[PDB]
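Below is one structure; the comments refer to it alone.
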4 protein chains.
Amino acid sequence: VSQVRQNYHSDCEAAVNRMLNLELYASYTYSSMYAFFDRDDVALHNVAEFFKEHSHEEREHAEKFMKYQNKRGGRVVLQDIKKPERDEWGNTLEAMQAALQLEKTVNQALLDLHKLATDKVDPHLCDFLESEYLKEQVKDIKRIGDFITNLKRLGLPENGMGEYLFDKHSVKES
Amino acid sequence: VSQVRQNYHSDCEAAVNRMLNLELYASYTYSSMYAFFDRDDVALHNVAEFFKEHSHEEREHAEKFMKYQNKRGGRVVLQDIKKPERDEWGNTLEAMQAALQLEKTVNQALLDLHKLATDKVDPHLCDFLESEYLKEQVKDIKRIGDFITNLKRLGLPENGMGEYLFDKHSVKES
Amino acid sequence: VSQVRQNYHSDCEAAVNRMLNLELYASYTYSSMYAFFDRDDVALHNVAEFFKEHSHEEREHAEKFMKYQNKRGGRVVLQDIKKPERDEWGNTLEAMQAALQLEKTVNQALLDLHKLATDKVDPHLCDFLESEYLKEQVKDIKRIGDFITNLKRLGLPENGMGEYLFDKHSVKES
Amino acid sequence: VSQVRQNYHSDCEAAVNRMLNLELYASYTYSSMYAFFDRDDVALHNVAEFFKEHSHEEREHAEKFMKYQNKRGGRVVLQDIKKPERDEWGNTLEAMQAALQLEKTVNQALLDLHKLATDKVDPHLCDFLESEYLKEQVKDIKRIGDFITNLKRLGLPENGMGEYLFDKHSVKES
Ligand SMILES: [Cl-]
Ligand SMILES: [Cl-]
Ligand SMILES: [Cl-]
Ligand SMILES: [Cl-]
Ligand SMILES: [Cl-]
Ligand SMILES: [Cl-]
Ligand SMILES: [Cl-]
Ligand SMILES: [Cl-]
Ligand SMILES: [Cl-]
Ligand SMILES: [Cl-]
Ligand SMILES: [Cl-]
Ligand SMILES: [Cl-]
Ligand SMILES: [Cl-]
Ligand SMILES: [Cl-]
Ligand SMILES: [Cl-]
Ligand SMILES: [Cl-]
Ligand SMILES: [Cl-]
Ligand SMILES: [Cl-]
Ligand SMILES: [Cl-]
Ligand SMILES: [Cl-]
Ligand SMILES: [Cl-]
Ligand SMILES: [Cl-]
Ligand SMILES: [Cl-]
Ligand SMILES: [Cl-]
Ligand SMILES: [Cl-]
Ligand SMILES: [Cl-]
Ligand SMILES: [Cl-]
Ligand SMILES: [Cl-]
Ligand SMILES: [Cl-]
Ligand SMILES: [Cl-]
Ligand SMILES: [Cl-]
Ligand SMILES: [Cl-]
Ligand SMILES: [Cl-]
Ligand SMILES: [Cl-]
Ligand SMILES: [Cl-]
Ligand SMILES: [Cl-]
Ligand SMILES: [Cl-]
Ligand SMILES: [Cl-]
Ligand SMILES: [Cl-]
Ligand SMILES: [Cl-]
Ligand SMILES: [Cl-]
Ligand SMILES: [Cl-]
Ligand SMILES: [Cl-]
Ligand SMILES: [Cl-]
Ligand SMILES: [Mg+2]
Ligand SMILES: [Mg+2]
Ligand SMILES: [Mg+2]
Ligand SMILES: [Mg+2]
Ligand SMILES: [Mg+2]
Ligand SMILES: [Mg+2]
Ligand SMILES: [Mg+2]
Ligand SMILES: [Mg+2]
Ligand SMILES: [Mg+2]
Ligand SMILES: [Mg+2]
Ligand SMILES: [Mg+2]
Ligand SMILES: [Mg+2]
Ligand SMILES: [Mg+2]
Ligand SMILES: [Mg+2]
Ligand SMILES: [Mg+2]
Ligand SMILES: [Mg+2]
Ligand SMILES: [Mg+2]
Ligand SMILES: [Mg+2]
Ligand SMILES: [Mg+2]
Ligand SMILES: [Mg+2]
Ligand SMILES: [Mg+2]
Ligand SMILES: [Mg+2]
Ligand SMILES: [Mg+2]
Ligand SMILES: [Mg+2]
Ligand SMILES: [Mg+2]
Ligand SMILES: [Mg+2]
Ligand SMILES: [Mg+2]
Ligand SMILES: [Mg+2]
Ligand SMILES: [Mg+2]
Ligand SMILES: [Mg+2]
Ligand SMILES: [Mg+2]
């Protein structure tokens, strides 16, 4: 047993390793979306950069879990990072719909980990999730929902001009 | 009778309290519009902020009436602030049409109060309305009319792309 | 169902709308106190400004709830904002006693909402209340209790000189 | 007839000369109050300076009327400036009560001149009174009423300590 370990359940330790993997999985999916929108036959560079940034965010959140694991005296155990579900992402609407879904999947895993931490009476883990993850999750979900509403408004997937305008106005220029 | 009171008719005092209520009512309606355009299924954030600003303006104008009442030695009497007429505002065109109408309602109440002040030979109240309210009222009515003309030009309510472009170009970015 | 909605109970959504109304109610009561202390026959201007500031604070907290509702995919539903319980507030001691009571009422509604969020296993709503509301609530209650103790010490309600001195020394000069 | 004169009734011209005299009369009364509170057996120097400032304000308002008379092509006609009604002013409460009364007298003369200007269809004179005189009049009346309320609260005329504190806290230190 680690000399630092206190009030840290084995189940929580394991679930933290699974969360770490899920963040790396999410980061990798966003990297795929970045590469797709960088294609010469897609060429929506502000959209591409948006997904690149989110890939870097999820990677940082994985790192955060590693650091957390060690602070509590748990042990980081890594698994394969599965490739994304798709090799190509259709268009900005399809990608944002996938992103929404991915953020909700990540959010459900966070909420599940909070339930577990609650069951094991671990308020440090509960606070950590609340402060570092749950708030920013809800904000990302809201942002992407807002985007999907605007892409629909702009006539996606049929309206190319709408897709062009989204890339100029809705995501920051890169 | 207040020690400061001079040339201040009871009828004017009462009409000032009713104006105060109407400004609070207007502020509350604009707050509703703000919340509507902030919805994830509406998501026109520059439009939302425009209405938020106007809500704050009307609230400040209510405060102004309170201060005025006390300066003249009248007594502030508050009533319920009625909820807005609608819970949802359709789209940017419908909301701006409602806003036009609300500003004209407020303007008519100001003009009615000016008539009353004129009938009661109260030049201080007349000047106050002229300087602090009537000018800025006409400017807000003109601005919103200009907006409605542009929203029609942009193909509202059917043309989503037009609605998207209005939010980017016609109202200041937030 | 909103595309962003996740782990957000209908009961919580409704209780958030009721909290929003209660914050607007509180803001309106403080506005009344502001107008009272601005009267020429009361004329305690630093006290008046204290209540004005608290009115603006509660309004900002209402806005916050609106934004929260939308972030979670709930829907803002507004009701009438009831006028304050009194038209006149007696003196600084009576007003601060009313304010104490109002802050405790608001605090109980926050605590009740935290219980509900806890029952519905909503840690995002729990954290939100904890971070944005509960701490600052306890501080406002303490401040007002401190004031009431000093007003009693100063001989309120009989001792006018004490009331004058409170306005100069206990609340910031405006 | 002056080459500049247009739409300027003889009655208005004369009433402007009487207003000029009344402003000089007011200025002189405030000068008396200044000298009273500067006495070694009164010695309330911040109160004294308050009245000195108001004496200078009323003098500037007299000058303003002179300039106005000439701008319209009327002719300045001066009369004796009557000495103040009292040689000694009792205490801060009595003086502020006299000041309230003097400001209301000046305000009634302004309102009477506005009625006359209205009867003679002189909108330039009406605007002049509205912009340069009537607003600031209401503010001075409110300020002095506020003071009288605080002096009563402080136990004037019996409570010397209250009178001392008013001079330190309610009027700006000189
Ligand atoms: Cl180990
Ligand atoms: Cl342990
Ligand atoms: Cl423990
Ligand atoms: Cl342990
Ligand atoms: Cl264990
Ligand atoms: Cl694929
Ligand atoms: Cl997913
Ligand atoms: Cl967070
Ligand atoms: Cl958006
Ligand atoms: Cl289309
Ligand atoms: Cl957008
Ligand atoms: Cl009264
Ligand atoms: Cl009168
Ligand atoms: Cl009159
Ligand atoms: Cl009156
Ligand atoms: Cl009356
Ligand atoms: Cl509706
Ligand atoms: Cl209306
Ligand atoms: Cl104006
Ligand atoms: Cl325009
Ligand atoms: Cl069209
Ligand atoms: Cl425009
Ligand atoms: Cl909905
Ligand atoms: Cl859910
Ligand atoms: Cl859940
Ligand atoms: Cl849900
Ligand atoms: Cl539900
Ligand atoms: Cl009452
Ligand atoms: Cl209460
Ligand atoms: Cl807080
Ligand atoms: Cl204190
Ligand atoms: Cl006492
Ligand atoms: Cl204190
Ligand atoms: Cl001549
Ligand atoms: Cl003429
Ligand atoms: Cl003419
Ligand atoms: Cl003439
Ligand atoms: Cl004539
Ligand atoms: Cl005398
Ligand atoms: Cl007089
Ligand atoms: Cl003025
Ligand atoms: Cl005062
Ligand atoms: Cl006393
Ligand atoms: Cl004072
Ligand atoms: Mg060891
Ligand atoms: Mg284990
Ligand atoms: Mg595989
Ligand atoms: Mg619990
Ligand atoms: Mg907790
Ligand atoms: Mg984020
Ligand atoms: Mg996220
Ligand atoms: Mg996240
Ligand atoms: Mg454009
Ligand atoms: Mg009285
Ligand atoms: Mg009345
Ligand atoms: Mg109703
Ligand atoms: Mg006029
Ligand atoms: Mg305006
Ligand atoms: Mg307006
Ligand atoms: Mg207006
Ligand atoms: Mg939907
Ligand atoms: Mg429901
Ligand atoms: Mg009622
Ligand atoms: Mg926290
Ligand atoms: Mg606070
Ligand atoms: Mg509070
Ligand atoms: Mg609070
Ligand atoms: Mg000539
Ligand atoms: Mg003549
Ligand atoms: Mg004589
Ligand atoms: Mg005018
Ligand atoms: Mg003045
Ligand atoms: Mg004056
Ligand atoms: Mg004056
Ligand atoms: Mg001091």
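Every chain in the structure tokens takes a letter, A first, then B, and so on in the order presented; its residues are numbered from 1, and the ligands are numbered from 1 following the presented order.
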
**Message:** Taking only C-alpha atoms and all ligand atoms into account, which residues have an atom no farther than 8 Å from ligand 19? I'd like them as a list in words.
**Reply:** residues 129, 130, 131, 132, 133, 134, 135, 136 and 137 of chain B

How would the residues just picked look written out with N, CA and C atoms as a tab-separated table (two decimals), in the first residue's frame?
chain	number	residue	atom	x	y	z
B	129	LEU	N	-38.79	64.85	-18.48
B	129	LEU	CA	-39.22	63.89	-19.49
B	129	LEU	C	-38.54	64.17	-20.82
B	130	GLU	N	-38.47	65.45	-21.17
B	130	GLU	CA	-37.88	65.87	-22.43
B	130	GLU	C	-36.41	65.49	-22.49
B	131	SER	N	-35.68	65.75	-21.41
B	131	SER	CA	-34.21	65.61	-21.42
B	131	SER	C	-33.79	64.16	-21.24
B	132	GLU	N	-34.46	63.44	-20.35
B	132	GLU	CA	-33.97	62.14	-19.89
B	132	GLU	C	-34.65	60.95	-20.60
B	133	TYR	N	-35.80	61.19	-21.23
B	133	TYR	CA	-36.60	60.08	-21.73
B	133	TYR	C	-37.02	60.20	-23.18
B	134	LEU	N	-37.61	61.33	-23.57
B	134	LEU	CA	-38.27	61.40	-24.88
B	134	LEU	C	-37.26	61.27	-26.03
B	135	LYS	N	-36.07	61.85	-25.88
B	135	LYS	CA	-35.11	61.81	-26.99
B	135	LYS	C	-34.61	60.41	-27.22
B	136	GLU	N	-34.21	59.77	-26.13
B	136	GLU	CA	-33.63	58.46	-26.24
B	136	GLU	C	-34.69	57.45	-26.68
B	137	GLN	N	-35.95	57.72	-26.35
B	137	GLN	CA	-37.05	56.88	-26.81
B	137	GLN	C	-37.18	56.85	-28.35

**Request:** Could the residues that lie within 9 Å of ligand 26, counting only C-alpha atoms and all ligand atoms, be listed as a count of residues only?
**Result:** 11

**All helix (DSSP H, G or I) residues (DSSP, backbone) inside chain A, as a ChimeraX atom specification** = /A:10-38,45-72,92-119,123-153,160-169

**Item:** Among the residues D:17, D:30, D:88, D:83, the one that comes closest to ligand 73 [using only C-alpha atoms and all ligand atoms]
**Value:**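 Ranked by minimum distance to ligand 73, first place goes to D:30.
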
**Request:** Find the residues around residue B:39 up to 12 Å (only C-alpha atoms counted), leave out those fewer than 3 positions away in its own chain, and share them as number ranges by chain.
**Result:** A: 142-143, 145-147, 149-150; B: 32-36, 42-45, 47-48, 88-91; C: 2-5, 66-76

**Message:** Please identify all residues of chain D having at least one atom at most 12 Å from any atom of chain C, considering only C-alpha atoms, and return them as JSON, numbers by chain.
**Reply:** {"D": [138, 139, 140, 141, 142, 143, 144, 145, 146, 147, 148, 149, 150, 151, 152, 153, 154, 155, 156, 159, 160, 161, 162, 163, 164, 165, 166, 168, 169, 170]}

Generate the output file for the selected residues, C-alpha atoms, as a JSON list (two decimals), in the first residue's frame.
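Generated file (again-v3.json):
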[["chain", "number", "residue", "atom", "x", "y", "z"],
["D", 138, "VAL", "CA", -34.98, 71.14, -7.02],
["D", 139, "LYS", "CA", -31.63, 69.55, -6.17],
["D", 140, "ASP", "CA", -30.73, 72.31, -3.69],
["D", 141, "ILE", "CA", -34.14, 72.11, -2.04],
["D", 142, "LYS", "CA", -33.76, 68.31, -1.67],
["D", 143, "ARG", "CA", -30.25, 68.64, -0.23],
["D", 144, "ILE", "CA", -31.33, 71.17, 2.39],
["D", 145, "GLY", "CA", -34.40, 69.12, 3.30],
["D", 146, "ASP", "CA", -32.13, 66.11, 3.77],
["D", 147, "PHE", "CA", -29.91, 68.24, 6.05],
["D", 148, "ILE", "CA", -32.87, 69.45, 8.14],
["D", 149, "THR", "CA", -34.00, 65.85, 8.64],
["D", 150, "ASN", "CA", -30.50, 64.93, 9.84],
["D", 151, "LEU", "CA", -30.23, 67.95, 12.12],
["D", 152, "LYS", "CA", -33.54, 66.98, 13.76],
["D", 153, "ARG", "CA", -32.28, 63.38, 14.05],
["D", 154, "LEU", "CA", -29.12, 64.73, 15.73],
["D", 155, "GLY", "CA", -31.22, 66.48, 18.38],
["D", 156, "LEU", "CA", -31.00, 70.12, 17.28],
["D", 159, "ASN", "CA", -27.94, 68.73, 21.27],
["D", 160, "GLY", "CA", -24.65, 70.53, 20.75],
["D", 161, "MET", "CA", -22.76, 67.31, 20.14],
["D", 162, "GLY", "CA", -25.18, 66.56, 17.30],
["D", 163, "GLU", "CA", -24.57, 70.00, 15.84],
["D", 164, "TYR", "CA", -20.80, 69.46, 16.09],
["D", 165, "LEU", "CA", -21.06, 66.10, 14.30],
["D", 166, "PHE", "CA", -23.21, 67.52, 11.47],
["D", 168, "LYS", "CA", -17.86, 67.29, 10.57],
["D", 169, "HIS", "CA", -19.81, 64.73, 8.57],
["D", 170, "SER", "CA", -22.69, 66.22, 6.53]]

**Item:** One-decimal distance in Å that lies between atom CA of residue C:127 and atom CA of residue A:107
**Value:**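 Interatomic distance here is 15.1 Å.
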
**Prompt:** Any idea what's packed within 7 Å of stretch 53-61 of chain D, counting only C-alpha atoms, ignoring anything in its chain fewer than 6 positions away? Could you give it as a VMD selection string?
**Reply:** chain D and resid 23 to 24 26 to 28 30 to 31

Those same residues, written as a CSV table (one decimal), in the first residue's frame with N, CA, C and O atoms?
chain,number,residue,atom,x,y,z
D,23,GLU,N,-31.9,87.0,-7.0
D,23,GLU,CA,-30.7,86.2,-6.8
D,23,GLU,C,-29.6,87.0,-6.0
D,23,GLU,O,-28.9,86.4,-5.2
D,24,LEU,N,-29.5,88.3,-6.2
D,24,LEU,CA,-28.5,89.1,-5.4
D,24,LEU,C,-28.9,89.1,-4.0
D,24,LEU,O,-28.1,88.9,-3.1
D,26,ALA,N,-30.7,86.7,-2.4
D,26,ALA,CA,-30.4,85.4,-1.9
D,26,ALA,C,-28.9,85.3,-1.6
D,26,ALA,O,-28.5,84.7,-0.6
D,27,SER,N,-28.1,85.7,-2.5
D,27,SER,CA,-26.6,85.6,-2.3
D,27,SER,C,-26.2,86.4,-1.0
D,27,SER,O,-25.4,85.8,-0.3
D,28,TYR,N,-26.8,87.5,-0.8
D,28,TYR,CA,-26.5,88.3,0.4
D,28,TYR,C,-26.9,87.7,1.7
D,28,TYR,O,-26.2,87.7,2.7
D,30,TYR,N,-27.1,84.4,2.1
D,30,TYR,CA,-26.2,83.3,2.4
D,30,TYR,C,-24.8,83.9,2.9
D,30,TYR,O,-24.2,83.3,3.7
D,31,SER,N,-24.4,85.1,2.4
D,31,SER,CA,-23.2,85.7,2.9
D,31,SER,C,-23.4,86.0,4.4
D,31,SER,O,-22.4,85.8,5.2

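For the pair atom CA of residue A:49 and atom 1 (Cl, counted along the ligand's line) of ligand 8, the interatomic distance is 22.0 Å.
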
**Message:** 9 Å from ligand 63 is the threshold here; counting only C-alpha atoms and all ligand atoms, which polymer residues fall inside it? Answer as a list in words.
**Reply:**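 Those within range of ligand 63 are residues 79 and 80 of chain B; 82, 83, 84 and 85 of chain C.
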
**Request:** Using only C-alpha atoms, determine which residues lie at most 8 Å from residue C:114, disregarding the query and same-chain residues fewer than 4 positions distant; provide the list as JSON, numbers by chain.
**Result:** {"C": [110, 118, 125, 126, 129]}
